[PDB]
Amino acid sequence: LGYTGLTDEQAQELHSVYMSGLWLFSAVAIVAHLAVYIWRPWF
Amino acid sequence: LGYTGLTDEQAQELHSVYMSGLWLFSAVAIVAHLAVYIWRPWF
Amino acid sequence: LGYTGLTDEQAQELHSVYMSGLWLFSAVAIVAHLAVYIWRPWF
Amino acid sequence: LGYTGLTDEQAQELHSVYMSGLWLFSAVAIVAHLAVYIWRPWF
Amino acid sequence: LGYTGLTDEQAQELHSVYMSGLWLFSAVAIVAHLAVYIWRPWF
Amino acid sequence: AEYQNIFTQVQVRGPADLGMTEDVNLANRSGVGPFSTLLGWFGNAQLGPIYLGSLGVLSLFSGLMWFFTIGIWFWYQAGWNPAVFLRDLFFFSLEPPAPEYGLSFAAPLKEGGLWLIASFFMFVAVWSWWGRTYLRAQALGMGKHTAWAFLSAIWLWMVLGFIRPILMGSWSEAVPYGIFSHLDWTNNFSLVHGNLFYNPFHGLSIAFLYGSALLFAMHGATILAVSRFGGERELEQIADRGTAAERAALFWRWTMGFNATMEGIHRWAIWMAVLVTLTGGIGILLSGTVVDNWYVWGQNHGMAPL
Amino acid sequence: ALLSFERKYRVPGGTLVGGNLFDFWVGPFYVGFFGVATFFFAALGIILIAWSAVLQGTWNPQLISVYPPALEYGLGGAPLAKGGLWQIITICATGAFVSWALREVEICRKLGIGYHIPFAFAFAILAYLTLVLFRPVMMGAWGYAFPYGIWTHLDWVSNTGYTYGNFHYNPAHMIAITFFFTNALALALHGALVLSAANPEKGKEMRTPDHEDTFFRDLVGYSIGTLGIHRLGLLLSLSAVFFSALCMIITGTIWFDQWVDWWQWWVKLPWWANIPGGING
Amino acid sequence: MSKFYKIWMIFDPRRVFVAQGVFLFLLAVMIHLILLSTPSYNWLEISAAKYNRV
Amino acid sequence: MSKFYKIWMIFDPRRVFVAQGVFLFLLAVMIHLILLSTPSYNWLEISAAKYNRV
Amino acid sequence: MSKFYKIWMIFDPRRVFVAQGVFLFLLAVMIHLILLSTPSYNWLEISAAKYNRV
Amino acid sequence: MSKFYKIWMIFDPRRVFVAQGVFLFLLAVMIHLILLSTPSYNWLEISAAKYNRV
Amino acid sequence: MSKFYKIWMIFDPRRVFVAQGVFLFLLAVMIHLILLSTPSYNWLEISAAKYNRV
Amino acid sequence: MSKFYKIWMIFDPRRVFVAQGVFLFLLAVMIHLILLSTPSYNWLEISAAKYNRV
Amino acid sequence: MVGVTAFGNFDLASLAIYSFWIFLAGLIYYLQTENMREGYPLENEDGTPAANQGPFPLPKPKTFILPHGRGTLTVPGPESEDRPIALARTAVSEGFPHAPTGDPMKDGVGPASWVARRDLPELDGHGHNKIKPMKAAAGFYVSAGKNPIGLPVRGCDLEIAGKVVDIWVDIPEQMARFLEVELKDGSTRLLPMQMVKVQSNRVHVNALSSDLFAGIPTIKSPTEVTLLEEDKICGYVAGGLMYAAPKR
Ligand code: BCL
Ligand SMILES: CC[C@H]1c2cc3[nH]c4c(c3C)C(=O)[C@H](C(=O)OC)c4c3nc(cc4[nH]c(cc(n2)[C@@H]1C)c(C(C)=O)c4C)[C@@H](C)[C@@H]3CCC(=O)OC/C=C(\C)CCC[C@H](C)CCC[C@H](C)CCCC(C)C
Ligand SMILES: CC[C@H]1c2cc3[nH]c4c(c3C)C(=O)[C@H](C(=O)OC)c4c3nc(cc4[nH]c(cc(n2)[C@@H]1C)c(C(C)=O)c4C)[C@@H](C)[C@@H]3CCC(=O)OC/C=C(\C)CCC[C@H](C)CCC[C@H](C)CCCC(C)C
Ligand SMILES: COC1=C(OC)C(=O)C(C/C=C(\C)CC/C=C(\C)CC/C=C(\C)CC/C=C(/C)CC/C=C(\C)CC/C=C(\C)CC/C=C(\C)CC/C=C(\C)CC/C=C(\C)CCC=C(C)C)=C(C)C1=O
Ligand SMILES: COC(C)(C)C/C=C/C(C)=C/C=C/C(C)=C/C=C/C(C)=C/C=C/C=C(C)/C=C/C=C(\C)CC/C=C(\C)CCC=C(C)C
Ligand SMILES: COC(C)(C)C/C=C/C(C)=C/C=C/C(C)=C/C=C/C(C)=C/C=C/C=C(C)/C=C/C=C(\C)CC/C=C(\C)CCC=C(C)C
Ligand SMILES: COC(C)(C)C/C=C/C(C)=C/C=C/C(C)=C/C=C/C(C)=C/C=C/C=C(C)/C=C/C=C(\C)CC/C=C(\C)CCC=C(C)C
Ligand SMILES: COC(C)(C)C/C=C/C(C)=C/C=C/C(C)=C/C=C/C(C)=C/C=C/C=C(C)/C=C/C=C(\C)CC/C=C(\C)CCC=C(C)C
Ligand SMILES: COC(C)(C)C/C=C/C(C)=C/C=C/C(C)=C/C=C/C(C)=C/C=C\C=C(C)\C=C\C=C(/C)CC/C=C(\C)CCC=C(C)C
Ligand SMILES: CCCCCCCCCCCCO[C@@H]1O[C@H](CO)[C@@H](O[C@H]2O[C@H](CO)[C@@H](O)[C@H](O)[C@H]2O)[C@H](O)[C@H]1O
Ligand SMILES: [Fe+3]
């Protein structure tokens, strides 16, 4: 499985940091989407 | 057989994770399709 | 991991300097954005 | 013996799983065709 | 002759199952042809 | 005189080379064909074997159907007269359906449906041939560079015949299957869209076509100029750099100020060649769908006086 | 600075003119007698193009143009503002190109290699002279040449190509286009094949000229060989340029009407000229 | 008509099966397209007219 | 026909699977395209006109 | 007449069979299209006119 | 249909995951674009018209 | 979802990260350009109209 | 969030730094030019009209 | 037609053209870096690394695996001309020719330069000598053209230097690479065929004078030739165009 040299243990923290970044990105995206939808909706 | 170099257990667990992701994507797809259909049905 | 051949403390220090520079850049950006928004808002 | 270097038992298992997939796909196709033909027949 | 050298029993079973499939295909095609002609004949 | 190494002055012939086999299925392989002395004065005089797999035979069959369909329609246009067929051969055309049919398949066979059938044949043939090139690279363990280089020209072809007609909403936009019919299609395409010269991607495509000619003149002349040091054996000059590679590098180092390597010049070559069809496909795609008058567009974007 | 292997080649000799007066390198560039000549001509041409820009009143790089003299001047001189700057820049460009080719000849001699490169460049130079010297003089006017602008020289191309109908029916044009297109195809194939052999599937051994011969025999049933492919590339490019200069040396000098009518001679062959049926029957 | 089986001893099964599949697919597509070409047999347009569709 | 399985011993399963997947995708998109082109079965315009959107 | 077995002692059965199959298919499709060209033998046209489908 | 895990004994996860990511993204973009082309589904224009944004 | 981290035993993290970055930036600029093209969502033109700037 | 420094264990810092520099510069130039295109936000023209320099 | 502009005159075509400018800049950067795997870093004329190395950084190393266990070649990497380069710089400043100190045709400098390639034969895909003499090859014969065996060889001074004995051919290419030439002393020298003008009655050589064929480097084996020997022979033969010039 470790085709990339990862040892299944630092992949856990790699995924944790990546999900932290992904969720911060999605939180800011949701804030922006809500602000625009209040500004003017599309549905 | 085994051209992928994976044992049965690795294949089963990988398939379980992949099906978890596939069902999540399908559920989001159903939700989006339902919202679009109630907003402006194509039938 | 270990692709880049860097230790954890070197990465820590490099990220510390980088975050200092990033926050300085973003602070100047915020000041400029606020100044123009006061001068001519886009909302 | 053959060409692909496989046996008959694994061939039987592969045929079984492929036939299950084919029947599922064809059944979903049949359901879709019924739904459309009720919605808008082509005869 | 014997470019492949397949044992005569193997060729016999191969031809038998191939002709089984061919007869199945020709039967389905015959049914479809009859249906098409009855719906809208060309003769 | 002084020999220039443009023609082989002595030919040598030996055993038929059947090639190597990394993962090659020997069964599909053909047998060595004849030997061409005339063609051997320029290169390898051996012909064959030819590999005929499953995508290969699919491509052969579909291409046979496409070419034969065009031929039968050409015979129909001839009145089945062989003399006319050899007189009006260039002027024949299997034209697409007229615009009032749009993208519909409900066109009469004599009125563009046959064009749809032949287009399906050629589509299948070319895509199976791309799969063929990829698989033949796969069997010998080689890189898939030829497959992607082919995909560039395939994309230009798909834009001309498939993607742009779909976007424009009519098969009438596509190129006919004729000799002068497709020349006329080209000239009329330029005239309708207002001087395709001012298409920036047409200009880029011409830049890379001129660059392909310039680069192959340069590379061929360079390799022939250092062929006296075994410059032809480019792979070994990559693995074990000789005086040929160094002299070739230094010629352009002293001429231009920069140079390539024996391996990277072929990266230059492949990219210079594939950018031709990449930019050309982009430019054709933008024509009509986005810009209908390229000279007015040019005026609005510099490129032309107001 | 030098490459890691350059020093053993930086030796005197091979210069046609001079021999030690202009036998040195500025950076990587080899400066010779012709290096000096080509630098002078190129610098003059660039400065004069910029000067013609300020005379034109534009600084848009894509709008700068330097037009040749009008048809009224024939094959004579012209004021700098009218067509004289174009004539001087044509002098400078011809000198720069010729000096570049001769400087390449000197570099070839110093490296002990063949002279294929300057010869192949002389082909391009003669195509350029066909467009700016041979065709205008055979026609009698410098105004039949093209302007030195990025998009105005395309205007020259379009107007000339439509002075004779659809230029696609010029047959020398047809063979030149076939050569250009097959040269691009050959370049793509050669680059791809060499890169595929030098770069295997993944983490496995480099391939051999036999392997690439094998690939192209398994693809199209043939291979031209590594010497043959470079021969073919040089031939395709040079012949494309040759038949380009050929299609534009017979155009407006031998043929004057719409080129499409040329293809009438074949359809009016007496045996099948008057058969009913077909496109032209 | 009881002796054809030995052709499988002169023909590679993979090659012949692929050839048959390709041939049948191409022929079926061509015939379906010809039927769509003829205005008397295009089932989409026939049902459009019979059911009074655009 | 109860013995259709042993065809897997003739053709490589990966070959068959990838080829049939490509074929299924191509056939599905082609049929969708034919239906989209015809005015009778172009569902977008059907929902535009029927719901009086156009 | 009853001696044509000696052609296959020199010709390759595989090449002969594939070539003759391709030739027969090409001849058949050429003739079918020829008949479809002539309005006096276009069976789809003839049936359309007989049953008043246009 | 709960015993499909055997796919990973045939197809490399590396190939299928990247190929399907590209496939799904391209199809999603294509469908979104088709909807954007049809005036009945250009949601930007529907929202512009419904809320008097002209 | 408790085993999604195995994606880093799937693909090289650098490749996934760079592909994600290019993908997301292209999508973001594409969406912003689409909004800017439509007059109803061009915030510059909207803010000009609200304040009578032009 | 705290352990974002781990980013420097995946990519060479020089490549990231040069990519960030060119990306930021191109984005900033693009946005400045977008604002210049719109007459609403062309500060040069705002200063021209506000102080009657035309 | 989507002719709508997001801002200014920036339509979809403008987006396409600027995207291509960005992509072309990236591609030119990539292509230039891929071409800096030989001869780098740059060095001063005394062999030390130079102050300037160019705006383009060196690329990451890449490893080629030679087919027959010949080893893994990593490029870029450390480089050295592992041979006695015998030249003296004519000027103290950079950018001037280095004069040969001795006989350049023998020292292997200038147009006579050679590279210290591997001293092993060239192996084909079958693991055999790619090039071998006509006799060593099995079945190879002159299929067409003049047969240059037994013909006199005439140097640039118009005096015979020897006679052609055998042709060395390429196994996977079927190309005639080398001519074997015997001089007055009965020894054999190899000549690349790209330098010989095979006429009807003679095989002329414009590169070398008659009293230089003995100066051609020899071969450790009479049937196998290594890359080092091929490079030495070719460099020496091509050096005669400049150095054997004064003797017509
Ligand atoms: C009056 C006409 C217009 C003009 C109208 C067009 C149109 C229309 C097009 C071009 C295109 C191009 N133009 Mg223009 N062009 C003009 C003037 C020029 C001039 C000039 C000096 O005046 C030049 C040098 C060019 C040059 C070019 C090329 C750079 C480019 C073609 C790329 C190519 O090689 O496709 C050739 C390769 C293919 C078309 C794909 C072929 C590959 C596929 C896979 C084929 C499969 C083969 C099949 C399986 C078997 C083959 C059959 C057998 C061999 C028998 N044009 C004038 C202004 N030009 C093309 C383009 O893309 O530019 C935007 C294009 O569509
Ligand atoms: C980078 C862009 C350039 C380019 C590149 C390019 N072209 C390519 C490739 C590449 C990288 C390939 O790999 C591919 C190839 O295979 O090259 C040899 C190809 C190719 N480019 C070709 C042509 C081509 N390329 C062109 C252009 C260009 N190609 C660009 C300039 C053009 C032009 C200018 O119009 C043409 C005409 C083909 C030679 C080939 C693709 C061949 C292919 O797909 O064939 C499919 C077959 C058919 C549709 C018809 C076959 C007709 C036969 C008569 C069928 C019957 C055969 C018979 C039964 C054989 C019997 C044999 C036995 C007796 C042994
Ligand atoms: C003959 C086959 C093809 C070919 C081959 C070829 N070209 C060559 C060579 C070869 C073998 C070289 O050795 C030589 C070289 O060094 O290449 C890098 C070269 C070269 N081909 C070049 C360009 C080039 N080749 C082209 C075409 C071709 N070159 C053919 C298709 C084109 C086209 C089709 O447009 C161009 C633009 C250069 C990169 C280079 C020669 C450089 C040179 O001439 O150096 C001296 C001059 C300068 C550095 C600048 C001179 C500037 C002038 C004094 C002023 C401008 C005058 C000009 C008329 C302006 C016109 C502008 C408008 C038309 C837009
Ligand atoms: C396998 O084999 C091979 C290789 O590899 C082994 C190769 O690589 C290549 C080569 C191929 C490539 C590298 C691929 C890329 C190439 C192309 C895409 C082809 C097109 C190339 C270009 C457009 C590149 C640029 C070309 C040109 C013509 C620019 C040339 C530069 C000049 C004009 C400078 C010329 C300088 C001269 C002559 C010196 C003059 C000196 C004096 C008068 C006195 C001193 C003057 C000064 C001090 C002035 C300042 C300094 C100077 C001279 C220069 C700097 C300053 C300037 C103002 C310019 C091939 C073919 C190959 O097959
Ligand atoms: C025409 O149709 C249009 C275009 C109009 C509409 C179509 C829209 C479509 C097709 C949209 C598709 C959208 C999709 C698929 C979006 C997917 C978005 C995702 C998955 C975004 C993920 C983002 C993840 C982020 C931003 C993660 C960031 C992480 C960091 C910033 C921290 C970096 C941490 C690292 C590298 C870990 C280091 C740790 C160790 C131990 C080394
Ligand atoms: C012209 O035709 C039009 C376009 C008009 C209409 C035609 C439409 C057609 C033909 C549509 C066809 C659509 C199809 C076939 C769609 C299929 C979509 C599928 C199958 C999507 C599947 C998605 C599955 C996903 C995204 C699964 C993701 C899984 C994860 C993210 C889990 C993470 C995986 C890990 C961690 C690997 C585990 C590894 C170990 C070692 C445990
Ligand atoms: C222009 O003409 C038109 C288009 C209008 C009309 C033409 C119509 C035509 C020509 C239609 C042709 C239709 C045909 C030939 C359809 C054939 C469809 C088939 C055969 C579909 C088969 C689907 C099979 C599936 C989906 C199988 C799935 C199997 C699995 C998911 C099991 C997975 C297990 C694997 C992959 C191997 C693991 C097993 C082991 C033991 C390791
Ligand atoms: C425009 O011009 C038109 C077309 C209007 C008029 C022109 C017409 C022309 C020129 C027509 C030409 C017609 C010709 C030359 C027709 C020739 C027809 C022949 C010779 C047909 C022969 C067919 C033979 C067949 C179909 C045999 C099939 C055999 C099998 C299917 C059995 C498979 C073989 C096995 C099992 C061999 C087993 C033995 C072993 C040892 C394995
Ligand atoms: C004696 O002669 C016989 C009868 C034996 C054979 C002779 C045949 C002859 C003389 C053939 C002549 C052929 C010629 C001159 C062909 C010329 C072809 C040319 C110049 C083509 C140029 C451009 C063609 C293009 C760009 C075609 C592009 C096609 C596509 C990209 C695929 C199109 C796919 C479509 C339209 C959709 C397909 C899908 C369905 C469902 C129909
Ligand atoms: C070249 C590589 C780097 C590209 C730059 C990096 C950012 C990439 C996106 C930038 C796109 C915007 O780029 C900018 O577009 C606007 C669109 O009106 C152009 O627009 C300007 O010139 C045009 C043409 O003369 C005028 O008609 C117009 O009134 C004026 O606004 C600018 O001349 C251009 O600089
Ligand atoms: Fe090469």
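Chain A is the first sequence line, chain B the second, and so forth, proteins listed ahead of strands; every chain is numbered from 1. Hydrogens, waters and symmetry mates play no part in the numbers below; they use all other heavy atoms, side chains included.
- The candidate from F:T277, F:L209, F:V276 with the greatest count of non-hydrogen atom pairs under 4.5 Å with chain G is F:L209.
- Ranked by non-hydrogen atom pairs under 4.5 Å with chain G, the options F:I206, F:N195, F:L215, F:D184 are led by F:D184.
- Of the listed residues (F:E232, F:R253, F:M303), the one with the most heavy-atom contacts under 4.5 Å to chain G is F:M303.
- Most heavy-atom pairs under 4.5 Å with chain F, from the set G:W263, G:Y30, G:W271, G:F123: that is G:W263.
- For chain F, the nearby parts of G:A197 are the backbone and the side chain; heavy atoms of each come within less than 4.5 Å.
- Comparing F:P49, F:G79, F:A78 by how many heavy-atom pairs each has under 4.5 Å with chain G, the most go to F:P49.
- Looking at F:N81, the atoms closer than 4.5 Å to chain G (heavy atoms on both sides) all sit in the side chain, from C-beta outward.
- Judged by distance alone, the side chains of G:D155 and F:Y295 never bring a donor and an acceptor atom under 3.5 Å apart.
- A donor-acceptor contact shorter than 3.5 Å links the side chain of G:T214 to the backbone of G:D210.
- Heavy-atom distances place no part of F:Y76 under 4.5 Å from chain G, backbone and side chain included.
- With a 6.0 Å radius and a threshold of 12 heavy atoms from other residues, nucleotides or ligands, G:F242 has its CZ atom at or below the threshold.
- The choice from G:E205, G:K204, G:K268 that makes the most heavy-atom pairs within less than 4.5 Å of chain F is G:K204.
- Residue contact with chain G, scored on non-hydrogen atoms closer than 4.5 Å, is absent for F:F74.
- When G:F119, G:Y169, G:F167 are compared by the number of non-hydrogen pairs under 4.5 Å with chain F, G:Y169 comes out ahead.
- In terms of heavy-atom pairs under 4.5 angstrom with chain F, the leader among G:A120, G:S223, G:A124, G:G149 is G:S223.
- Cation-pi geometry between F:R247 and F:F229 is satisfied (NZ or CZ under 6.0 Å from the ring centre, within 45° of the ring normal).
- Aromatic ring pairs are classed by plane angle as parallel below 30°, tilted from 30° to 60° and perpendicular above 60°; the pair G:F146 and G:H153 is tilted.
- At a 4.5 Å heavy-atom cutoff, the contact between G:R231 and chain F is made by backbone and side-chain atoms alike.
- Contacts between F:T8 and chain G at a heavy-atom distance below 4.5 Å involve backbone atoms as well as side-chain atoms.
- Side chains of F:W254 and G:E106: no donor on one and acceptor on the other come within 3.5 Å.
- Ring centroids of G:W100 and G:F34 are separated by 6.0 Å or more, keeping the two rings apart.
- Proximity to chain G involves both the backbone and the side chain of F:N5, based on heavy atoms less than 4.5 angstrom apart.
- In terms of heavy-atom pairs under 4.5 angstrom with chain G, the leader among F:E263, F:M272, F:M262 is F:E263.
- For F:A149, the part lying under 4.5 angstrom from a heavy atom of chain G is the side chain only.
- With respect to chain G, the highest number of heavy-atom pairs below 4.5 Å among F:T255, F:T146, F:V274 belongs to F:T255.
- In this structure, the ring of G:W272 has its center less than 6.0 angstrom from the ring center of G:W266.
- Summarising the geometry, atom CD belonging to F:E236 is positioned 7.5 Å from atom CE belonging to G:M206; distances are rounded to the nearest 0.5 Å.
- Note: F:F189 and F:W185 meet the aromatic proximity criterion, with ring centroids under 6.0 Å apart.
- Using a 4.5 Å cut-off between heavy atoms, G:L193 touches chain F through backbone and side chain atoms alike.
- Contact of F:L18 with chain G is not made at all, since no heavy-atom distance falls under 4.5 Å.
- Of the two parts of F:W129, only the side chain, counted from C-beta on, holds a non-hydrogen atom closer than 4.5 Å to a non-hydrogen atom of chain G.
- Looking at G:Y9 and F:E246, their side chains do bring a donor and an acceptor atom within 3.5 Å of each other.
- Note that F:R136 lies outside the cation-pi zone of G:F215, set by a 6.0 Å cut-off to the ring centre and a 45° limit from the axis.
- Heavy-atom distances place both the backbone and the side chain of F:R267 under 4.5 Å from chain G.
- For chain F, no part of G:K202 is nearby; none of its heavy atoms comes within less than 4.5 Å.
- Of the two parts of G:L227, the backbone and the side chain both hold a non-hydrogen atom closer than 4.5 Å to a non-hydrogen atom of chain F.
- The choice from G:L232, G:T226, G:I224 that makes the most heavy-atom pairs within less than 4.5 Å of chain F is G:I224.
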Problem set entry | F:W252 vs F:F258, ring-ring contact (aromatic ring centres under 6.0 Å, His included): CA-CA, chis, key distance, verdict | CA-CA 6 Å; F:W252 296 110; F:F258 70 104; 9.1 Å; no
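- The aromatic ring centroids of G:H230 and G:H190 lie less than 6.0 Å from each other.
- Most heavy-atom pairs under 4.5 Å with chain F, from the set G:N183, G:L195, G:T208, G:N199: that is G:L195.
- G:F243 has its ring centre less than 6.0 Å from the ring centre of G:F179.
- For F:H301, the part lying under 4.5 angstrom from a heavy atom of chain G is the backbone only.
- For F:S152, no part lies near chain G; criterion is any non-hydrogen pair under 4.5 Å.
- Taking the six-membered ring where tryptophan is involved, the planes of G:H168 and G:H173 are tilted, since the angle between them lies from 30° to 60°.
- For F:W75 and F:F85, the gap between ring centers is short of 6.0 Å.
- Heavy-atom distances place no part of G:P61 under 4.5 Å from chain F, backbone and side chain included.
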